[PDB]
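Text of entry17.txt (compact mmCIF, N, CA and C atoms) as supplied:
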```txt
# COMPACT_ATOMS: atom_id res chain seq x y z
N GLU V 76 93.38 78.06 -18.98
CA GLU V 76 94.27 77.86 -20.12
C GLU V 76 93.64 78.39 -21.41
N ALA V 77 94.37 79.26 -22.12
CA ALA V 77 93.86 79.85 -23.34
C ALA V 77 93.98 78.88 -24.51
N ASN V 78 93.03 78.98 -25.42
CA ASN V 78 93.08 78.22 -26.66
C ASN V 78 94.35 78.59 -27.43
N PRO V 79 95.24 77.63 -27.70
CA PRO V 79 96.51 78.00 -28.34
C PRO V 79 96.37 78.35 -29.81
N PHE V 80 95.31 77.92 -30.49
CA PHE V 80 95.14 78.14 -31.93
C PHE V 80 93.72 78.60 -32.20
N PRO V 81 93.39 79.82 -31.78
CA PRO V 81 92.00 80.27 -31.83
C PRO V 81 91.50 80.60 -33.21
N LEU V 82 92.38 80.77 -34.20
CA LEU V 82 91.97 81.14 -35.55
C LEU V 82 91.80 79.86 -36.38
N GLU V 83 90.55 79.56 -36.71
CA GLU V 83 90.18 78.38 -37.50
C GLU V 83 90.62 77.08 -36.85
N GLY V 84 90.86 77.10 -35.55
CA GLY V 84 91.33 75.93 -34.85
C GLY V 84 92.73 75.49 -35.18
N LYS V 85 93.49 76.26 -35.98
CA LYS V 85 94.79 75.84 -36.49
C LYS V 85 95.86 76.91 -36.42
N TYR V 86 95.50 78.19 -36.27
CA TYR V 86 96.47 79.28 -36.35
C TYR V 86 96.34 80.17 -35.13
N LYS V 87 97.44 80.83 -34.80
CA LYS V 87 97.48 81.70 -33.63
C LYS V 87 96.80 83.03 -33.91
N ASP V 88 96.94 83.52 -35.14
CA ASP V 88 96.53 84.84 -35.58
C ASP V 88 96.85 84.97 -37.06
N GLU V 89 96.58 86.12 -37.65
CA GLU V 89 96.68 86.24 -39.10
C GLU V 89 98.11 86.09 -39.61
N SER V 90 99.10 86.65 -38.91
CA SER V 90 100.45 86.52 -39.44
C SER V 90 100.94 85.09 -39.34
N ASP V 91 100.49 84.34 -38.33
CA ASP V 91 100.84 82.94 -38.24
C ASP V 91 100.18 82.15 -39.35
N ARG V 92 98.91 82.44 -39.66
CA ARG V 92 98.26 81.80 -40.79
C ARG V 92 99.02 82.05 -42.09
N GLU V 93 99.40 83.31 -42.34
CA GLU V 93 100.10 83.62 -43.57
C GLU V 93 101.45 82.94 -43.64
N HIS V 94 102.13 82.82 -42.50
CA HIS V 94 103.38 82.10 -42.48
C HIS V 94 103.17 80.65 -42.87
N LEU V 95 102.23 79.97 -42.21
CA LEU V 95 102.03 78.55 -42.53
C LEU V 95 101.62 78.37 -43.98
N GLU V 96 100.83 79.31 -44.52
CA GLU V 96 100.39 79.23 -45.91
C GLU V 96 101.50 79.51 -46.91
N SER V 97 102.63 80.04 -46.46
CA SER V 97 103.79 80.28 -47.32
C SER V 97 104.77 79.12 -47.34
N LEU V 98 104.58 78.12 -46.48
CA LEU V 98 105.54 77.04 -46.35
C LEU V 98 105.39 75.99 -47.44
N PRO V 99 106.43 75.20 -47.68
CA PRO V 99 106.27 74.02 -48.52
C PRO V 99 105.22 73.11 -47.94
N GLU V 100 104.60 72.34 -48.81
CA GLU V 100 103.46 71.52 -48.41
C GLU V 100 103.81 70.55 -47.29
N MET V 101 104.94 69.86 -47.38
CA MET V 101 105.27 68.86 -46.35
C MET V 101 105.44 69.50 -44.99
N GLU V 102 106.10 70.65 -44.94
CA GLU V 102 106.28 71.36 -43.68
C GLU V 102 104.95 71.83 -43.13
N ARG V 103 104.10 72.40 -43.98
CA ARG V 103 102.80 72.85 -43.53
C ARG V 103 101.99 71.70 -42.93
N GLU V 104 101.93 70.57 -43.62
CA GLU V 104 101.14 69.45 -43.12
C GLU V 104 101.70 68.88 -41.82
N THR V 105 103.02 68.89 -41.67
CA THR V 105 103.64 68.45 -40.43
C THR V 105 103.26 69.38 -39.29
N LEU V 106 103.31 70.69 -39.51
CA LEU V 106 102.96 71.61 -38.45
C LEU V 106 101.48 71.51 -38.12
N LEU V 107 100.63 71.34 -39.12
CA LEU V 107 99.21 71.17 -38.82
C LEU V 107 98.97 69.91 -38.02
N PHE V 108 99.69 68.84 -38.31
CA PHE V 108 99.57 67.64 -37.49
C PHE V 108 100.02 67.88 -36.05
N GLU V 109 101.16 68.53 -35.87
CA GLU V 109 101.62 68.87 -34.53
C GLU V 109 100.57 69.67 -33.78
N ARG V 110 99.99 70.67 -34.45
CA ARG V 110 98.99 71.52 -33.81
C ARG V 110 97.72 70.76 -33.49
N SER V 111 97.34 69.78 -34.31
CA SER V 111 96.16 68.99 -34.01
C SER V 111 96.36 68.17 -32.74
N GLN V 112 97.59 67.74 -32.47
CA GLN V 112 97.87 67.02 -31.23
C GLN V 112 97.80 67.96 -30.05
N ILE V 113 98.35 69.16 -30.20
CA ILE V 113 98.28 70.17 -29.15
C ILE V 113 96.83 70.49 -28.83
N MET V 114 96.00 70.62 -29.86
CA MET V 114 94.59 70.95 -29.65
C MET V 114 93.84 69.82 -28.98
N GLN V 115 94.15 68.57 -29.32
CA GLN V 115 93.48 67.47 -28.64
C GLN V 115 93.81 67.48 -27.16
N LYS V 116 95.07 67.69 -26.81
CA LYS V 116 95.45 67.73 -25.40
C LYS V 116 94.81 68.92 -24.69
N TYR V 117 94.71 70.06 -25.36
CA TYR V 117 94.03 71.22 -24.81
C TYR V 117 92.57 70.90 -24.53
N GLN V 118 91.87 70.29 -25.50
CA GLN V 118 90.46 69.99 -25.30
C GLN V 118 90.28 68.96 -24.19
N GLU V 119 91.17 67.98 -24.12
CA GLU V 119 91.06 66.97 -23.07
C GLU V 119 91.20 67.61 -21.70
N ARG V 120 92.19 68.48 -21.53
CA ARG V 120 92.34 69.19 -20.26
C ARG V 120 91.11 70.04 -19.95
N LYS V 121 90.53 70.70 -20.96
CA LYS V 121 89.34 71.52 -20.74
C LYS V 121 88.18 70.66 -20.26
N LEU V 122 88.02 69.49 -20.85
CA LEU V 122 86.97 68.57 -20.45
C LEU V 122 87.16 68.11 -19.01
N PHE V 123 88.37 67.69 -18.66
CA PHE V 123 88.61 67.21 -17.31
C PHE V 123 88.40 68.32 -16.30
N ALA V 124 88.82 69.54 -16.65
CA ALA V 124 88.62 70.67 -15.74
C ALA V 124 87.14 70.96 -15.56
N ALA V 125 86.35 70.84 -16.62
CA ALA V 125 84.93 71.13 -16.52
C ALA V 125 84.22 70.13 -15.62
N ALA V 126 84.72 68.90 -15.56
CA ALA V 126 84.16 67.85 -14.73
C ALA V 126 84.63 67.93 -13.29
N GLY V 127 85.58 68.81 -13.00
CA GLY V 127 86.06 69.00 -11.65
C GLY V 127 87.31 68.24 -11.30
N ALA V 128 88.00 67.65 -12.28
CA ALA V 128 89.18 66.84 -11.99
C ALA V 128 90.29 67.67 -11.34
```
Taking this structure as input, can you express it in the form of structure tokens?
Amino acid sequence: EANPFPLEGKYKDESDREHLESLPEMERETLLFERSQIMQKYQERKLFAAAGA
């Protein structure tokens, strides 16, 4: 499974970063929260896979 947000742990790539940086503050913070949940689940799966689950 590939890291879904490899740029600064929060963005897909440069155009995605620029898009999020152009948004209103509330929308940006909501998307960053959503992405932090995605990243936690990604890391948890990576950990379980490394242990042989």
At a cut-off of 8 Å, using all atoms listed in the file, what residues contact residue V:117? Leave out same-chain residues fewer than 6 positions from it and give the result as an NGL selection string. :V and (76-79 or 111 or 123)
Atom CA of residue V:126 to atom CA of residue V:112, straight-line distance in Å: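 So the answer is 21.5 Å.
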Which distance in Å separates atom CA of residue V:109 and atom CA of residue V:122, to one decimal?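 Between atom CA of residue V:109 and atom CA of residue V:122 the gap works out to 20.3 Å.
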Would you please give, as a ChimeraX atom specification, all residues of chain V that DSSP assigns to alpha helix (DSSP H) based on the backbone? /V:89-97,100-125
Could you save those same residues with N, CA and C atoms as an mmCIF file, in the coordinates of the input?
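As written to disk, out-v9.cif reads:
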```
data_model
loop_
_atom_site.group_PDB
_atom_site.id
_atom_site.type_symbol
_atom_site.label_atom_id
_atom_site.label_comp_id
_atom_site.auth_asym_id
_atom_site.auth_seq_id
_atom_site.Cartn_x
_atom_site.Cartn_y
_atom_site.Cartn_z
ATOM 1 N N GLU V 89 96.580 86.120 -37.650
ATOM 2 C CA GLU V 89 96.680 86.240 -39.100
ATOM 3 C C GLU V 89 98.110 86.090 -39.610
ATOM 4 N N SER V 90 99.100 86.650 -38.910
ATOM 5 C CA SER V 90 100.450 86.520 -39.440
ATOM 6 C C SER V 90 100.940 85.090 -39.340
ATOM 7 N N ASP V 91 100.490 84.340 -38.330
ATOM 8 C CA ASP V 91 100.840 82.940 -38.240
ATOM 9 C C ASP V 91 100.180 82.150 -39.350
ATOM 10 N N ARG V 92 98.910 82.440 -39.660
ATOM 11 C CA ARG V 92 98.260 81.800 -40.790
ATOM 12 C C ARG V 92 99.020 82.050 -42.090
ATOM 13 N N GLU V 93 99.400 83.310 -42.340
ATOM 14 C CA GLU V 93 100.100 83.620 -43.570
ATOM 15 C C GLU V 93 101.450 82.940 -43.640
ATOM 16 N N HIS V 94 102.130 82.820 -42.500
ATOM 17 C CA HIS V 94 103.380 82.100 -42.480
ATOM 18 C C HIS V 94 103.170 80.650 -42.870
ATOM 19 N N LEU V 95 102.230 79.970 -42.210
ATOM 20 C CA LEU V 95 102.030 78.550 -42.530
ATOM 21 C C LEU V 95 101.620 78.370 -43.980
ATOM 22 N N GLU V 96 100.830 79.310 -44.520
ATOM 23 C CA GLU V 96 100.390 79.230 -45.910
ATOM 24 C C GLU V 96 101.500 79.510 -46.910
ATOM 25 N N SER V 97 102.630 80.040 -46.460
ATOM 26 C CA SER V 97 103.790 80.280 -47.320
ATOM 27 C C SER V 97 104.770 79.120 -47.340
ATOM 28 N N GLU V 100 104.600 72.340 -48.810
ATOM 29 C CA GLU V 100 103.460 71.520 -48.410
ATOM 30 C C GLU V 100 103.810 70.550 -47.290
ATOM 31 N N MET V 101 104.940 69.860 -47.380
ATOM 32 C CA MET V 101 105.270 68.860 -46.350
ATOM 33 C C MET V 101 105.440 69.500 -44.990
ATOM 34 N N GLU V 102 106.100 70.650 -44.940
ATOM 35 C CA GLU V 102 106.280 71.360 -43.680
ATOM 36 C C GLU V 102 104.950 71.830 -43.130
ATOM 37 N N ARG V 103 104.100 72.400 -43.980
ATOM 38 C CA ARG V 103 102.800 72.850 -43.530
ATOM 39 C C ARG V 103 101.990 71.700 -42.930
ATOM 40 N N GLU V 104 101.930 70.570 -43.620
ATOM 41 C CA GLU V 104 101.140 69.450 -43.120
ATOM 42 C C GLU V 104 101.700 68.880 -41.820
ATOM 43 N N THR V 105 103.020 68.890 -41.670
ATOM 44 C CA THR V 105 103.640 68.450 -40.430
ATOM 45 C C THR V 105 103.260 69.380 -39.290
ATOM 46 N N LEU V 106 103.310 70.690 -39.510
ATOM 47 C CA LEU V 106 102.960 71.610 -38.450
ATOM 48 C C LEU V 106 101.480 71.510 -38.120
ATOM 49 N N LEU V 107 100.630 71.340 -39.120
ATOM 50 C CA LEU V 107 99.210 71.170 -38.820
ATOM 51 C C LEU V 107 98.970 69.910 -38.020
ATOM 52 N N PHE V 108 99.690 68.840 -38.310
ATOM 53 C CA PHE V 108 99.570 67.640 -37.490
ATOM 54 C C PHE V 108 100.020 67.880 -36.050
ATOM 55 N N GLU V 109 101.160 68.530 -35.870
ATOM 56 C CA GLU V 109 101.620 68.870 -34.530
ATOM 57 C C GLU V 109 100.570 69.670 -33.780
ATOM 58 N N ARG V 110 99.990 70.670 -34.450
ATOM 59 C CA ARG V 110 98.990 71.520 -33.810
ATOM 60 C C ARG V 110 97.720 70.760 -33.490
ATOM 61 N N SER V 111 97.340 69.780 -34.310
ATOM 62 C CA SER V 111 96.160 68.990 -34.010
ATOM 63 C C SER V 111 96.360 68.170 -32.740
ATOM 64 N N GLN V 112 97.590 67.740 -32.470
ATOM 65 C CA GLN V 112 97.870 67.020 -31.230
ATOM 66 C C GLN V 112 97.800 67.960 -30.050
ATOM 67 N N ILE V 113 98.350 69.160 -30.200
ATOM 68 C CA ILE V 113 98.280 70.170 -29.150
ATOM 69 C C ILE V 113 96.830 70.490 -28.830
ATOM 70 N N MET V 114 96.000 70.620 -29.860
ATOM 71 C CA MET V 114 94.590 70.950 -29.650
ATOM 72 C C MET V 114 93.840 69.820 -28.980
ATOM 73 N N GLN V 115 94.150 68.570 -29.320
ATOM 74 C CA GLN V 115 93.480 67.470 -28.640
ATOM 75 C C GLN V 115 93.810 67.480 -27.160
ATOM 76 N N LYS V 116 95.070 67.690 -26.810
ATOM 77 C CA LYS V 116 95.450 67.730 -25.400
ATOM 78 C C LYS V 116 94.810 68.920 -24.690
ATOM 79 N N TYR V 117 94.710 70.060 -25.360
ATOM 80 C CA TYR V 117 94.030 71.220 -24.810
ATOM 81 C C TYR V 117 92.570 70.900 -24.530
ATOM 82 N N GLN V 118 91.870 70.290 -25.500
ATOM 83 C CA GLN V 118 90.460 69.990 -25.300
ATOM 84 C C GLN V 118 90.280 68.960 -24.190
ATOM 85 N N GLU V 119 91.170 67.980 -24.120
ATOM 86 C CA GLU V 119 91.060 66.970 -23.070
ATOM 87 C C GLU V 119 91.200 67.610 -21.700
ATOM 88 N N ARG V 120 92.190 68.480 -21.530
ATOM 89 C CA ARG V 120 92.340 69.190 -20.260
ATOM 90 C C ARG V 120 91.110 70.040 -19.950
ATOM 91 N N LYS V 121 90.530 70.700 -20.960
ATOM 92 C CA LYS V 121 89.340 71.520 -20.740
ATOM 93 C C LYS V 121 88.180 70.660 -20.260
ATOM 94 N N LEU V 122 88.020 69.490 -20.850
ATOM 95 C CA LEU V 122 86.970 68.570 -20.450
ATOM 96 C C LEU V 122 87.160 68.110 -19.010
ATOM 97 N N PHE V 123 88.370 67.690 -18.660
ATOM 98 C CA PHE V 123 88.610 67.210 -17.310
ATOM 99 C C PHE V 123 88.400 68.320 -16.300
ATOM 100 N N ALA V 124 88.820 69.540 -16.650
ATOM 101 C CA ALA V 124 88.620 70.670 -15.740
ATOM 102 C C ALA V 124 87.140 70.960 -15.560
ATOM 103 N N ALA V 125 86.350 70.840 -16.620
ATOM 104 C CA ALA V 125 84.930 71.130 -16.520
ATOM 105 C C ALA V 125 84.220 70.130 -15.620
#
```
Could you jot down the atom CA of residue V:100 to atom C of residue V:115 separation for me, Å, one decimal place? 23.7 Å
Rank nothing, just name the residue among V:86, V:81, V:119, V:93 nearest to residue V:107, using only C-alpha atoms.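 Looking only at the distances to residue V:107, the closest residue turns out to be V:86.
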Can I get a file of stretch 88-124 of chain V from the given structure, N, CA, C and O atoms kept, as a PDB file, in the first residue's frame?
```pdb
ATOM      1  N   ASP V  88       0.864  15.829  -3.661  1.00  0.00           N
ATOM      2  CA  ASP V  88       1.828  16.380  -4.594  1.00  0.00           C
ATOM      3  C   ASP V  88       1.669  17.890  -4.595  1.00  0.00           C
ATOM      4  O   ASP V  88       0.864  18.440  -3.847  1.00  0.00           O
ATOM      5  N   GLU V  89       2.447  18.590  -5.414  1.00  0.00           N
ATOM      6  CA  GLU V  89       2.490  20.039  -5.313  1.00  0.00           C
ATOM      7  C   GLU V  89       1.165  20.694  -5.696  1.00  0.00           C
ATOM      8  O   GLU V  89       0.763  21.677  -5.070  1.00  0.00           O
ATOM      9  N   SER V  90       0.482  20.203  -6.732  1.00  0.00           N
ATOM     10  CA  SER V  90      -0.763  20.863  -7.104  1.00  0.00           C
ATOM     11  C   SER V  90      -1.833  20.646  -6.044  1.00  0.00           C
ATOM     12  O   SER V  90      -2.674  21.524  -5.825  1.00  0.00           O
ATOM     13  N   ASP V  91      -1.808  19.497  -5.360  1.00  0.00           N
ATOM     14  CA  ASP V  91      -2.736  19.276  -4.272  1.00  0.00           C
ATOM     15  C   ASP V  91      -2.426  20.189  -3.101  1.00  0.00           C
ATOM     16  O   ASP V  91      -3.341  20.731  -2.482  1.00  0.00           O
ATOM     17  N   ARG V  92      -1.142  20.378  -2.782  1.00  0.00           N
ATOM     18  CA  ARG V  92      -0.773  21.329  -1.744  1.00  0.00           C
ATOM     19  C   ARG V  92      -1.281  22.728  -2.073  1.00  0.00           C
ATOM     20  O   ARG V  92      -1.870  23.409  -1.229  1.00  0.00           O
ATOM     21  N   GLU V  93      -1.058  23.181  -3.306  1.00  0.00           N
ATOM     22  CA  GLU V  93      -1.486  24.522  -3.678  1.00  0.00           C
ATOM     23  C   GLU V  93      -2.992  24.658  -3.624  1.00  0.00           C
ATOM     24  O   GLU V  93      -3.514  25.704  -3.221  1.00  0.00           O
ATOM     25  N   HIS V  94      -3.714  23.607  -4.000  1.00  0.00           N
ATOM     26  CA  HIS V  94      -5.160  23.641  -3.890  1.00  0.00           C
ATOM     27  C   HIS V  94      -5.581  23.815  -2.442  1.00  0.00           C
ATOM     28  O   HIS V  94      -6.395  24.686  -2.127  1.00  0.00           O
ATOM     29  N   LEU V  95      -5.064  22.970  -1.543  1.00  0.00           N
ATOM     30  CA  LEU V  95      -5.487  23.076  -0.146  1.00  0.00           C
ATOM     31  C   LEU V  95      -5.120  24.436   0.431  1.00  0.00           C
ATOM     32  O   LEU V  95      -5.886  25.006   1.214  1.00  0.00           O
ATOM     33  N   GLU V  96      -3.975  24.992   0.019  1.00  0.00           N
ATOM     34  CA  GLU V  96      -3.536  26.296   0.509  1.00  0.00           C
ATOM     35  C   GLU V  96      -4.361  27.447  -0.045  1.00  0.00           C
ATOM     36  O   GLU V  96      -4.251  28.571   0.471  1.00  0.00           O
ATOM     37  N   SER V  97      -5.170  27.208  -1.069  1.00  0.00           N
ATOM     38  CA  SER V  97      -6.055  28.224  -1.627  1.00  0.00           C
ATOM     39  C   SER V  97      -7.442  28.218  -0.999  1.00  0.00           C
ATOM     40  O   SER V  97      -8.238  29.128  -1.263  1.00  0.00           O
ATOM     41  N   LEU V  98      -7.758  27.218  -0.175  1.00  0.00           N
ATOM     42  CA  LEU V  98      -9.099  27.066   0.361  1.00  0.00           C
ATOM     43  C   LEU V  98      -9.358  27.991   1.539  1.00  0.00           C
ATOM     44  O   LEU V  98      -8.435  28.460   2.193  1.00  0.00           O
ATOM     45  N   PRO V  99     -10.624  28.250   1.841  1.00  0.00           N
ATOM     46  CA  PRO V  99     -10.947  28.906   3.103  1.00  0.00           C
ATOM     47  C   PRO V  99     -10.434  28.088   4.264  1.00  0.00           C
ATOM     48  O   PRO V  99     -10.343  26.859   4.202  1.00  0.00           O
ATOM     49  N   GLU V 100     -10.161  28.777   5.359  1.00  0.00           N
ATOM     50  CA  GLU V 100      -9.520  28.144   6.501  1.00  0.00           C
ATOM     51  C   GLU V 100     -10.319  26.951   7.030  1.00  0.00           C
ATOM     52  O   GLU V 100      -9.745  25.902   7.329  1.00  0.00           O
ATOM     53  N   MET V 101     -11.631  27.089   7.184  1.00  0.00           N
ATOM     54  CA  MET V 101     -12.409  25.988   7.763  1.00  0.00           C
ATOM     55  C   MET V 101     -12.358  24.754   6.891  1.00  0.00           C
ATOM     56  O   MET V 101     -12.244  23.626   7.399  1.00  0.00           O
ATOM     57  N   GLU V 102     -12.453  24.933   5.578  1.00  0.00           N
ATOM     58  CA  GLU V 102     -12.371  23.799   4.668  1.00  0.00           C
ATOM     59  C   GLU V 102     -10.996  23.163   4.710  1.00  0.00           C
ATOM     60  O   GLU V 102     -10.882  21.937   4.768  1.00  0.00           O
ATOM     61  N   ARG V 103      -9.943  23.972   4.705  1.00  0.00           N
ATOM     62  CA  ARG V 103      -8.602  23.422   4.775  1.00  0.00           C
ATOM     63  C   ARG V 103      -8.412  22.587   6.038  1.00  0.00           C
ATOM     64  O   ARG V 103      -7.874  21.479   5.983  1.00  0.00           O
ATOM     65  N   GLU V 104      -8.811  23.116   7.195  1.00  0.00           N
ATOM     66  CA  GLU V 104      -8.616  22.386   8.442  1.00  0.00           C
ATOM     67  C   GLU V 104      -9.435  21.108   8.492  1.00  0.00           C
ATOM     68  O   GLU V 104      -8.991  20.100   9.071  1.00  0.00           O
ATOM     69  N   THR V 105     -10.626  21.120   7.907  1.00  0.00           N
ATOM     70  CA  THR V 105     -11.436  19.914   7.826  1.00  0.00           C
ATOM     71  C   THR V 105     -10.755  18.862   6.967  1.00  0.00           C
ATOM     72  O   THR V 105     -10.657  17.693   7.362  1.00  0.00           O
ATOM     73  N   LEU V 106     -10.219  19.258   5.809  1.00  0.00           N
ATOM     74  CA  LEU V 106      -9.552  18.287   4.965  1.00  0.00           C
ATOM     75  C   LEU V 106      -8.289  17.768   5.623  1.00  0.00           C
ATOM     76  O   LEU V 106      -7.975  16.580   5.512  1.00  0.00           O
ATOM     77  N   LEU V 107      -7.543  18.631   6.305  1.00  0.00           N
ATOM     78  CA  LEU V 107      -6.361  18.145   6.996  1.00  0.00           C
ATOM     79  C   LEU V 107      -6.731  17.167   8.095  1.00  0.00           C
ATOM     80  O   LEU V 107      -6.004  16.206   8.333  1.00  0.00           O
ATOM     81  N   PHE V 108      -7.834  17.403   8.789  1.00  0.00           N
ATOM     82  CA  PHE V 108      -8.288  16.429   9.776  1.00  0.00           C
ATOM     83  C   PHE V 108      -8.663  15.094   9.125  1.00  0.00           C
ATOM     84  O   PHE V 108      -8.223  14.028   9.568  1.00  0.00           O
ATOM     85  N   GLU V 109      -9.418  15.134   8.039  1.00  0.00           N
ATOM     86  CA  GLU V 109      -9.757  13.918   7.321  1.00  0.00           C
ATOM     87  C   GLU V 109      -8.500  13.155   6.927  1.00  0.00           C
ATOM     88  O   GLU V 109      -8.412  11.928   7.084  1.00  0.00           O
ATOM     89  N   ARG V 110      -7.508  13.867   6.388  1.00  0.00           N
ATOM     90  CA  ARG V 110      -6.274  13.229   5.940  1.00  0.00           C
ATOM     91  C   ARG V 110      -5.477  12.662   7.100  1.00  0.00           C
ATOM     92  O   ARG V 110      -4.830  11.624   6.947  1.00  0.00           O
ATOM     93  N   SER V 111      -5.525  13.297   8.274  1.00  0.00           N
ATOM     94  CA  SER V 111      -4.822  12.760   9.426  1.00  0.00           C
ATOM     95  C   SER V 111      -5.428  11.436   9.863  1.00  0.00           C
ATOM     96  O   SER V 111      -4.706  10.542  10.316  1.00  0.00           O
ATOM     97  N   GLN V 112      -6.734  11.263   9.676  1.00  0.00           N
ATOM     98  CA  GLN V 112      -7.364   9.983   9.997  1.00  0.00           C
ATOM     99  C   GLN V 112      -6.954   8.926   8.990  1.00  0.00           C
ATOM    100  O   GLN V 112      -6.658   7.783   9.356  1.00  0.00           O
ATOM    101  N   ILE V 113      -6.919   9.294   7.707  1.00  0.00           N
ATOM    102  CA  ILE V 113      -6.467   8.383   6.666  1.00  0.00           C
ATOM    103  C   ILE V 113      -5.046   7.938   6.945  1.00  0.00           C
ATOM    104  O   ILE V 113      -4.719   6.752   6.835  1.00  0.00           O
ATOM    105  N   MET V 114      -4.188   8.871   7.345  1.00  0.00           N
ATOM    106  CA  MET V 114      -2.793   8.537   7.612  1.00  0.00           C
ATOM    107  C   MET V 114      -2.641   7.639   8.825  1.00  0.00           C
ATOM    108  O   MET V 114      -1.770   6.764   8.837  1.00  0.00           O
ATOM    109  N   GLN V 115      -3.446   7.847   9.863  1.00  0.00           N
ATOM    110  CA  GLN V 115      -3.366   6.961  11.014  1.00  0.00           C
ATOM    111  C   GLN V 115      -3.730   5.541  10.618  1.00  0.00           C
ATOM    112  O   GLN V 115      -3.063   4.587  11.025  1.00  0.00           O
ATOM    113  N   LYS V 116      -4.788   5.377   9.843  1.00  0.00           N
ATOM    114  CA  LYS V 116      -5.185   4.044   9.409  1.00  0.00           C
ATOM    115  C   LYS V 116      -4.133   3.412   8.503  1.00  0.00           C
ATOM    116  O   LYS V 116      -3.855   2.206   8.614  1.00  0.00           O
ATOM    117  N   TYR V 117      -3.516   4.206   7.634  1.00  0.00           N
ATOM    118  CA  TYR V 117      -2.424   3.734   6.793  1.00  0.00           C
ATOM    119  C   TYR V 117      -1.266   3.242   7.648  1.00  0.00           C
ATOM    120  O   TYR V 117      -0.732   2.146   7.424  1.00  0.00           O
ATOM    121  N   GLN V 118      -0.856   4.034   8.650  1.00  0.00           N
ATOM    122  CA  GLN V 118       0.273   3.627   9.483  1.00  0.00           C
ATOM    123  C   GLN V 118      -0.072   2.386  10.286  1.00  0.00           C
ATOM    124  O   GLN V 118       0.783   1.516  10.494  1.00  0.00           O
ATOM    125  N   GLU V 119      -1.308   2.299  10.778  1.00  0.00           N
ATOM    126  CA  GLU V 119      -1.697   1.118  11.544  1.00  0.00           C
ATOM    127  C   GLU V 119      -1.620  -0.130  10.683  1.00  0.00           C
ATOM    128  O   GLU V 119      -1.107  -1.163  11.122  1.00  0.00           O
ATOM    129  N   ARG V 120      -2.135  -0.064   9.464  1.00  0.00           N
ATOM    130  CA  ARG V 120      -2.030  -1.204   8.562  1.00  0.00           C
ATOM    131  C   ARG V 120      -0.576  -1.552   8.263  1.00  0.00           C
ATOM    132  O   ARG V 120      -0.218  -2.735   8.206  1.00  0.00           O
ATOM    133  N   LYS V 121       0.285  -0.546   8.093  1.00  0.00           N
ATOM    134  CA  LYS V 121       1.698  -0.796   7.829  1.00  0.00           C
ATOM    135  C   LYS V 121       2.348  -1.521   8.999  1.00  0.00           C
ATOM    136  O   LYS V 121       3.140  -2.448   8.812  1.00  0.00           O
ATOM    137  N   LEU V 122       2.016  -1.108  10.213  1.00  0.00           N
ATOM    138  CA  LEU V 122       2.538  -1.747  11.407  1.00  0.00           C
ATOM    139  C   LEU V 122       2.087  -3.195  11.493  1.00  0.00           C
ATOM    140  O   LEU V 122       2.905  -4.096  11.707  1.00  0.00           O
ATOM    141  N   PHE V 123       0.797  -3.447  11.299  1.00  0.00           N
ATOM    142  CA  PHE V 123       0.299  -4.810  11.403  1.00  0.00           C
ATOM    143  C   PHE V 123       0.922  -5.688  10.332  1.00  0.00           C
ATOM    144  O   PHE V 123       1.271  -6.854  10.590  1.00  0.00           O
ATOM    145  N   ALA V 124       1.088  -5.143   9.128  1.00  0.00           N
ATOM    146  CA  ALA V 124       1.714  -5.912   8.055  1.00  0.00           C
ATOM    147  C   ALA V 124       3.163  -6.234   8.388  1.00  0.00           C
ATOM    148  O   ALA V 124       3.636  -7.341   8.115  1.00  0.00           O
TER     149      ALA V 124
END
```
